[PDB]
Each structure stands twice: as C-alpha cells, then as structure tokens.
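Quick notes on the structure that follows.
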Amino acid sequence: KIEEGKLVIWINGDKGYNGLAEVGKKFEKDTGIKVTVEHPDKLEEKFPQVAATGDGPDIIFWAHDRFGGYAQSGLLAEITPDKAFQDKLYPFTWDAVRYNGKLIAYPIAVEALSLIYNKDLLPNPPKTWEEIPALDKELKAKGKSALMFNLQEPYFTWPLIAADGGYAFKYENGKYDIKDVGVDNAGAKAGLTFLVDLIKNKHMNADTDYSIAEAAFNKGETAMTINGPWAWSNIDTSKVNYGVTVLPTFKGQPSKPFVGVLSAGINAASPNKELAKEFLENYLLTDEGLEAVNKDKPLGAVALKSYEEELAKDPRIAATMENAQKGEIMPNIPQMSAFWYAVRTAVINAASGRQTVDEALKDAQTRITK
C-alpha cells in the first residue's frame with residue numbers, strides 16, 4: 001500500500017518551474033493533497049529507477065519519444081477515463097501519444113522546433129541551408145567547418161528534400177494509407193540534387209558520416225550540428241541542449257521532419273491516479289494556470305483547444321501551431337523497413353553518380369509499392 005494524499009512533479013530542467021509551482025500551491029491549499037515540484041537534470045534515469053519500486057514521481061512530462069519504453073515497462077498508467085477530455089484536444093495530438101489499442105499518455109503542448117550548437121553560448125544560427133556551404137568555406141578559411149552531419153543516410157536527409165515538397169506517406173486528418181508515396185516526386189529530387197551538386201565539385205565533405213560528424217562535434221570543432229531521428233537500432237552517443245533555437249529551411253520553403261509534441265503520463269504505482277488526473281484537469285489546464293507557466297517561460301501552442309486560441313492570439317504561436325497541423329506523425333508500420341532500405345540506395349546512387357536522381361527515385365518508390 002502506497003502513501004495516499006500526495007503528488008510529485010518532475011520537469012526536464014531549465015523549464016518554467018516557478019510558474020508551474022503556483023498551480024500546485026493553489027490546488028494543495030484547496031485540497032491538501034501534497035504537491036512537490038522539482039527542476040532536476042537527471043530525472044530521465046532517476047524516474048525509471050525510483051518508480052520501478054513504486055517510490056518515484058506521480059506524474060511525468062516528456063516527448064512521446066522517451067515514452068516509447070516507459071509504458072512497456074509498466075511505469076505509465078492507462079489514461080483517458082472518458083471521451084470528453086479527448087474532445088478538449090485536437091485529433092492529431094492524440095495519435096502522437098498512441099500505443100497498440102490502449103493509451104499511455106496525453107498531449108500537452110505543440111512546439112516542434114529545436115537546433116543544437118557548439119559548446120559556446122554564442123547565438124549565431126544559420127539563415128538557410130544554402131548558406132551552410134557558403135559559411136563552411138569562410139570558417140574553414142580561419143579554422144574549421146561550420147556544420148557536419150550523416151549525409152550518408154536517408155533519416156537525416158529526409159527533412160532536407162521534404163521542404164521542396166517530398167513526403168514519406170500521406171496521412172489525412174485521421175485516414176492513413178501507404179499507397180501514396182511522395183518519393184518519386186520532383187520536390188524530392190529538387191532538394192536532393194543540391195547535396196549532390198556540392199559533392200560533384202568535391203568541395204563538400206562527401207565522406208562524412210555519423211561517426212565523423214558525431215566525433216567532430218564532441219571535439220568542439222563543428223560550430224553547429226543536428227540530431228533527432230533514430231536510424232541505427234541503438235544510440236551510443238547522446239547530445240543535450242538548453243532552451244530553444246530556430247531551424248534553417250530550404251530556398252523559399254520551410255522544413256517538416258515529424259510532429260514532435262510535448263506529452264504527459266500518470267505513474268501507474270500511485271494509489272489513486274485520480275488525484276493526478278483531477279489536478280491536471282482542474283488547475284493546470286485553466287486560463288490562469290496555463291498562463292502562469294507561460295509567464296515564467298514561453299511554451300508556445302497548447303494541445304488544449306480551449307486555450308489554444310488564447311495563445312494563438314500572437315503569430316509566434318499560430319505559425320508554430322500550423323507547422324504541426326500541416327505535419328506528419330512517424331508511423332508504426334513494418335513498411336518503414338522497405339522505405340528506409342529503398343531511399344538509402346537512391347541517395348547513394350545519386351551521390352556516386354551511378355544513376356540519375358529522377359530514375360533512382362522512380363526505382364525507390366517502386367520498391368515501396370511492389
């Protein structure tokens with residue numbers, strides 16, 4: 001039997017914890033149910049080490065990515081007790097937290113934007129992808145390269161060309177198919193031939209992969225770097241970053257990786273999970289509570305439609321929200337293997353000049369429909 005009458009809140013660190021504290025001050029003053037609030041920087045390993053004994057926090061806040069294993073381990077409790085709370089949110093944001101049949105977490109915020117930089121807190125982000133090769137030679141003229149990455153794989157090169165118009169699979173406002181593959185589309189080749197244009201002249205590092213890029217960033221040489229998707233079956237080197245940064249795009253067109261939104265889950269070890277669910281839908285999710293956390297730090301768009309319109313009163317929010325609306329969610333289909341295996345060969349074919357971009361694309365799209 002667990003300790004009844006209490007709740008604990010752990011956050012990522014560097015977040016607007018001071019604004020969130022007040023929400024818990026109000027609720028605990030009205031209900032008496034304890035509310036602790038902490039701003040740790042190692043909770044990602046502590047949460048699964050304490051909650052495993054039923055002694056960890058009662059609530060957790062992280063992107064769905066890190067939740068890909070916590071629910072399987074039994075740490076995340078079943079959420080969505082009824083259907084009313086679902087209508088309070090947009091449908092896409094629910095898909096962004098799904099599991100096989102059952103549910104494991106719920107959407108909180110909608111800010112899909114981050115970018116990594118050198119060990120020096122000098123804010124000088126790139127203006128566009130076409131400036132990278134232009135700045136690379138200028139920094140090399142006084143030291144080393146500007147930006148480096150795993151150009152050798154499709155996972156990181158997908159968000160490049162998708163800006164011109166390429167897309168993996170179509171996903172309407174709740175209807176999905178795998179038949180509509182935007183691989184063999186002019187936009188894919190358009191952005192892809194830019195990469196190859198540099199390699200053509202050998203001015204660009206055509207031999208840089210994950211290993212080369214990762215290492216150089218660890219050394220502190222690369223003035224900037226990119227991270228995010230998981231190509232390999234495991235990661236051996238993990239980077240970290242405080243706050244937010246802008247993200248460069250293509251010539252007159254924004255980029256679109258995946259719809260990465262903020263989520264929350266209830267700990268399954270608590271005695272009465274209702275205490276947590278109630279606090280969330282009584283004081284956190286209010287025009288006063290959400291405002292308090294947003295006052296302490298900018299949180300951008302929200303999953304809660306009722307307050308979405310309020311934050312949407314400013315363009316910084318609205319535009320960032322539209323980027324998630326027009327975006328796609330990473331699927332859970334087996335077809336991804338065929339897709340990854342196919343596109344990999346098409347990029348190598350263009351990079352090696354073994355085949356025309358146009359034809360390698362045609363071939364590749366066929367490998368996904370055959």
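Simple scheme: letters A, B, ... for chains in structure tokens order, numbers from 1 for residues in each chain, numbers from 1 for ligands in the order shown.
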Could the residues of range 241-321 of chain A that have an atom at most 10 Å from range 221-231 of chain A be listed as CSV, each with its closest atom pair and the distance in Å to one decimal, counting only C-alpha atoms and ordered by chain and ascending residue number?
residue,atom,partner,partner_atom,distance
A:247,CA,A:226,CA,9.7
A:257,CA,A:229,CA,8.9
A:258,CA,A:229,CA,9.2
A:260,CA,A:228,CA,9.9
Range 276-335 of chain A: which residues are alpha helix (DSSP H) by DSSP, as a PDB file with N, CA, C and O atoms, in the first residue's frame?
ATOM      1  N   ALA A 276      -4.062  12.811  -9.535  1.00  0.00           N
ATOM      2  CA  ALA A 276      -3.261  13.397 -10.584  1.00  0.00           C
ATOM      3  C   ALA A 276      -4.104  13.878 -11.745  1.00  0.00           C
ATOM      4  O   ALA A 276      -3.911  15.001 -12.215  1.00  0.00           O
ATOM      5  N   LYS A 277      -5.011  13.029 -12.221  1.00  0.00           N
ATOM      6  CA  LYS A 277      -5.859  13.377 -13.342  1.00  0.00           C
ATOM      7  C   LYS A 277      -6.703  14.605 -13.016  1.00  0.00           C
ATOM      8  O   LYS A 277      -6.909  15.445 -13.885  1.00  0.00           O
ATOM      9  N   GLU A 278      -7.181  14.713 -11.775  1.00  0.00           N
ATOM     10  CA  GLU A 278      -8.027  15.816 -11.354  1.00  0.00           C
ATOM     11  C   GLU A 278      -7.217  17.099 -11.339  1.00  0.00           C
ATOM     12  O   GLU A 278      -7.615  18.052 -11.996  1.00  0.00           O
ATOM     13  N   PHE A 279      -6.073  17.142 -10.650  1.00  0.00           N
ATOM     14  CA  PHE A 279      -5.242  18.345 -10.606  1.00  0.00           C
ATOM     15  C   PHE A 279      -4.998  18.909 -12.008  1.00  0.00           C
ATOM     16  O   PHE A 279      -5.126  20.118 -12.245  1.00  0.00           O
ATOM     17  N   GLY A 289      -3.769  28.927 -14.838  1.00  0.00           N
ATOM     18  CA  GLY A 289      -2.679  28.003 -14.585  1.00  0.00           C
ATOM     19  C   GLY A 289      -1.755  27.935 -15.791  1.00  0.00           C
ATOM     20  O   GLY A 289      -0.542  28.085 -15.641  1.00  0.00           O
ATOM     21  N   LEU A 290      -2.302  27.721 -16.992  1.00  0.00           N
ATOM     22  CA  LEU A 290      -1.508  27.651 -18.219  1.00  0.00           C
ATOM     23  C   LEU A 290      -0.803  28.974 -18.438  1.00  0.00           C
ATOM     24  O   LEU A 290       0.354  28.982 -18.871  1.00  0.00           O
ATOM     25  N   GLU A 291      -1.495  30.064 -18.121  1.00  0.00           N
ATOM     26  CA  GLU A 291      -0.969  31.402 -18.241  1.00  0.00           C
ATOM     27  C   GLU A 291       0.225  31.541 -17.293  1.00  0.00           C
ATOM     28  O   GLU A 291       1.260  32.040 -17.726  1.00  0.00           O
ATOM     29  N   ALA A 292       0.116  31.075 -16.038  1.00  0.00           N
ATOM     30  CA  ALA A 292       1.182  31.162 -15.042  1.00  0.00           C
ATOM     31  C   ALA A 292       2.462  30.496 -15.528  1.00  0.00           C
ATOM     32  O   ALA A 292       3.545  31.068 -15.381  1.00  0.00           O
ATOM     33  N   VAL A 293       2.359  29.293 -16.100  1.00  0.00           N
ATOM     34  CA  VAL A 293       3.547  28.608 -16.593  1.00  0.00           C
ATOM     35  C   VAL A 293       4.091  29.360 -17.818  1.00  0.00           C
ATOM     36  O   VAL A 293       5.308  29.487 -17.948  1.00  0.00           O
ATOM     37  N   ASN A 294       3.215  29.877 -18.693  1.00  0.00           N
ATOM     38  CA  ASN A 294       3.650  30.605 -19.888  1.00  0.00           C
ATOM     39  C   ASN A 294       4.322  31.933 -19.521  1.00  0.00           C
ATOM     40  O   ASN A 294       5.212  32.411 -20.227  1.00  0.00           O
ATOM     41  N   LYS A 295       3.933  32.531 -18.394  1.00  0.00           N
ATOM     42  CA  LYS A 295       4.513  33.776 -17.908  1.00  0.00           C
ATOM     43  C   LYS A 295       5.952  33.502 -17.488  1.00  0.00           C
ATOM     44  O   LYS A 295       6.841  34.297 -17.812  1.00  0.00           O
ATOM     45  N   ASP A 296       6.216  32.382 -16.801  1.00  0.00           N
ATOM     46  CA  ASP A 296       7.571  32.050 -16.357  1.00  0.00           C
ATOM     47  C   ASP A 296       8.512  31.722 -17.523  1.00  0.00           C
ATOM     48  O   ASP A 296       9.710  32.006 -17.429  1.00  0.00           O
ATOM     49  N   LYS A 305      -7.484  22.798 -26.902  1.00  0.00           N
ATOM     50  CA  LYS A 305      -8.153  23.701 -27.840  1.00  0.00           C
ATOM     51  C   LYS A 305      -8.739  24.934 -27.151  1.00  0.00           C
ATOM     52  O   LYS A 305      -8.631  26.037 -27.674  1.00  0.00           O
ATOM     53  N   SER A 306      -9.293  24.767 -25.948  1.00  0.00           N
ATOM     54  CA  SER A 306      -9.896  25.849 -25.180  1.00  0.00           C
ATOM     55  C   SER A 306      -8.931  27.018 -24.935  1.00  0.00           C
ATOM     56  O   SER A 306      -9.382  28.162 -24.933  1.00  0.00           O
ATOM     57  N   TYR A 307      -7.631  26.756 -24.746  1.00  0.00           N
ATOM     58  CA  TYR A 307      -6.613  27.778 -24.501  1.00  0.00           C
ATOM     59  C   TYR A 307      -5.685  27.929 -25.712  1.00  0.00           C
ATOM     60  O   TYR A 307      -4.847  28.828 -25.736  1.00  0.00           O
ATOM     61  N   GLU A 308      -5.834  27.073 -26.727  1.00  0.00           N
ATOM     62  CA  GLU A 308      -5.036  27.113 -27.943  1.00  0.00           C
ATOM     63  C   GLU A 308      -5.289  28.463 -28.597  1.00  0.00           C
ATOM     64  O   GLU A 308      -4.342  29.199 -28.842  1.00  0.00           O
ATOM     65  N   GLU A 309      -6.561  28.825 -28.755  1.00  0.00           N
ATOM     66  CA  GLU A 309      -6.993  30.078 -29.363  1.00  0.00           C
ATOM     67  C   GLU A 309      -6.424  31.299 -28.618  1.00  0.00           C
ATOM     68  O   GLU A 309      -6.133  32.324 -29.234  1.00  0.00           O
ATOM     69  N   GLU A 310      -6.257  31.197 -27.293  1.00  0.00           N
ATOM     70  CA  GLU A 310      -5.735  32.274 -26.456  1.00  0.00           C
ATOM     71  C   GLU A 310      -4.258  32.491 -26.754  1.00  0.00           C
ATOM     72  O   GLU A 310      -3.792  33.625 -26.896  1.00  0.00           O
ATOM     73  N   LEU A 311      -3.468  31.420 -26.768  1.00  0.00           N
ATOM     74  CA  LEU A 311      -2.045  31.527 -27.066  1.00  0.00           C
ATOM     75  C   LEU A 311      -1.903  31.904 -28.542  1.00  0.00           C
ATOM     76  O   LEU A 311      -1.051  32.730 -28.869  1.00  0.00           O
ATOM     77  N   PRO A 315       1.197  35.717 -33.403  1.00  0.00           N
ATOM     78  CA  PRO A 315       1.692  34.974 -34.558  1.00  0.00           C
ATOM     79  C   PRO A 315       2.783  33.959 -34.252  1.00  0.00           C
ATOM     80  O   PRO A 315       2.855  32.949 -34.956  1.00  0.00           O
ATOM     81  N   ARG A 316       3.629  34.192 -33.239  1.00  0.00           N
ATOM     82  CA  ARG A 316       4.686  33.240 -32.895  1.00  0.00           C
ATOM     83  C   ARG A 316       4.083  31.880 -32.571  1.00  0.00           C
ATOM     84  O   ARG A 316       4.696  30.855 -32.870  1.00  0.00           O
ATOM     85  N   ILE A 317       2.918  31.878 -31.930  1.00  0.00           N
ATOM     86  CA  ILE A 317       2.215  30.680 -31.546  1.00  0.00           C
ATOM     87  C   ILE A 317       1.518  30.113 -32.776  1.00  0.00           C
ATOM     88  O   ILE A 317       1.855  29.002 -33.179  1.00  0.00           O
ATOM     89  N   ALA A 318       0.599  30.880 -33.374  1.00  0.00           N
ATOM     90  CA  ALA A 318      -0.180  30.465 -34.531  1.00  0.00           C
ATOM     91  C   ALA A 318       0.663  29.800 -35.618  1.00  0.00           C
ATOM     92  O   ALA A 318       0.388  28.674 -36.025  1.00  0.00           O
ATOM     93  N   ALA A 319       1.715  30.469 -36.093  1.00  0.00           N
ATOM     94  CA  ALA A 319       2.559  29.913 -37.140  1.00  0.00           C
ATOM     95  C   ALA A 319       3.204  28.584 -36.731  1.00  0.00           C
ATOM     96  O   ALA A 319       3.316  27.672 -37.552  1.00  0.00           O
ATOM     97  N   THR A 320       3.647  28.478 -35.479  1.00  0.00           N
ATOM     98  CA  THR A 320       4.272  27.273 -34.955  1.00  0.00           C
ATOM     99  C   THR A 320       3.221  26.153 -34.853  1.00  0.00           C
ATOM    100  O   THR A 320       3.556  24.984 -35.061  1.00  0.00           O
ATOM    101  N   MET A 321       1.959  26.486 -34.564  1.00  0.00           N
ATOM    102  CA  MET A 321       0.872  25.525 -34.463  1.00  0.00           C
ATOM    103  C   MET A 321       0.573  24.978 -35.857  1.00  0.00           C
ATOM    104  O   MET A 321       0.469  23.764 -36.028  1.00  0.00           O
ATOM    105  N   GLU A 322       0.492  25.849 -36.869  1.00  0.00           N
ATOM    106  CA  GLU A 322       0.192  25.442 -38.238  1.00  0.00           C
ATOM    107  C   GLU A 322       1.239  24.452 -38.732  1.00  0.00           C
ATOM    108  O   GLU A 322       0.911  23.502 -39.441  1.00  0.00           O
ATOM    109  N   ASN A 323       2.502  24.621 -38.325  1.00  0.00           N
ATOM    110  CA  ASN A 323       3.567  23.714 -38.742  1.00  0.00           C
ATOM    111  C   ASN A 323       3.310  22.295 -38.241  1.00  0.00           C
ATOM    112  O   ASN A 323       3.816  21.348 -38.845  1.00  0.00           O
ATOM    113  N   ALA A 324       2.597  22.125 -37.128  1.00  0.00           N
ATOM    114  CA  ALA A 324       2.277  20.805 -36.612  1.00  0.00           C
ATOM    115  C   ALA A 324       1.027  20.281 -37.325  1.00  0.00           C
ATOM    116  O   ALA A 324       0.947  19.088 -37.591  1.00  0.00           O
ATOM    117  N   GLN A 325       0.086  21.169 -37.662  1.00  0.00           N
ATOM    118  CA  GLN A 325      -1.170  20.831 -38.333  1.00  0.00           C
ATOM    119  C   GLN A 325      -0.888  20.255 -39.713  1.00  0.00           C
ATOM    120  O   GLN A 325      -1.412  19.212 -40.101  1.00  0.00           O
TER     121      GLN A 325
END
Taking 2 positions as the minimum chain separation for residues in the same chain, which residues sit within 10 Å of residue 97 in chain A when counting only C-alpha atoms? Answer as an MDAnalysis selection string. chainID A and resid 63:65 67:68 92:95 99 103:107 261:265 329
Name all residues at most 12 Å from residue 254 in chain A (count only C-alpha atoms; drop same-chain ones fewer than 2 positions away) and give them as a VMD selection string. chain A and resid 113 127 to 129 159 to 165 246 to 252 256 to 257 319 to 320 322 to 323 326 to 327
Rounded to one decimal in Å, what is the spacing between CA of residue 53 in chain A and CA of residue 8 in chain A?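 Value for the CA of residue 53 in chain A-CA of residue 8 in chain A distance: 15.3 Å.
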Range 35-85 of chain A residues near range 14-31 of chain A within 10 Å, closest pair each, using only C-alpha atoms, as a tab-separated table:
residue	atom	partner	partner_atom	distance
A:35	CA	A:24	CA	5.7
A:36	CA	A:24	CA	7.8
A:37	CA	A:21	CA	6.2
A:38	CA	A:17	CA	7.5
A:39	CA	A:17	CA	6.6
A:40	CA	A:14	CA	8.6
A:41	CA	A:14	CA	8.2
Please, which residues of range 152-318 of chain A, numbered as in this document, come out strand (DSSP E or B) from DSSP, as a PyMOL selection string? chain A and resi 167+171+176+182+224-225+250+253+262-267+302+304
Write out as a VMD selection string each polymer residue whose atoms come within 10 Å of residue 51 in chain A, counting only C-alpha atoms; drop sequence neighbours fewer than 2 positions from it. chain A and resid 46 to 49 53 to 58 74 to 76 267 to 270
From the set A:300, A:154, A:125, A:133, which residue has the shortest atom-to-atom contact distance to residue 344 in chain A, counting only C-alpha atoms?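 The shortest atom-to-atom distance to residue 344 in chain A comes from A:154.
If you count only C-alpha atoms and ignore residues fewer than 3 places along the chain from residue 182 in chain A, what sits within 6 Å of it is residues 166, 167, 168 and 185 of chain A.
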Next, the residues of the selection above should be written as a short mmCIF file (atom, residue, chain, number, x, y, z; two decimals), in the first residue's frame with N, CA, C and O atoms.
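And here is the file that came out, part-v8.cif:
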data_model
loop_
_atom_site.label_atom_id
_atom_site.label_comp_id
_atom_site.auth_asym_id
_atom_site.auth_seq_id
_atom_site.Cartn_x
_atom_site.Cartn_y
_atom_site.Cartn_z
N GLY A 166 8.75 16.81 -51.02
CA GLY A 166 8.76 15.36 -50.80
C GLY A 166 8.05 14.94 -49.51
O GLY A 166 8.06 15.69 -48.53
N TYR A 167 7.44 13.75 -49.47
CA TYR A 167 6.76 13.23 -48.29
C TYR A 167 6.82 11.70 -48.31
O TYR A 167 6.74 11.09 -49.37
N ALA A 168 6.96 11.10 -47.13
CA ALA A 168 7.05 9.66 -46.96
C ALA A 168 5.74 8.95 -47.31
O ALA A 168 5.69 8.21 -48.29
N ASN A 185 8.72 12.07 -56.63
CA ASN A 185 8.12 13.37 -56.87
C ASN A 185 9.27 14.34 -57.11
O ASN A 185 10.28 14.29 -56.41
#
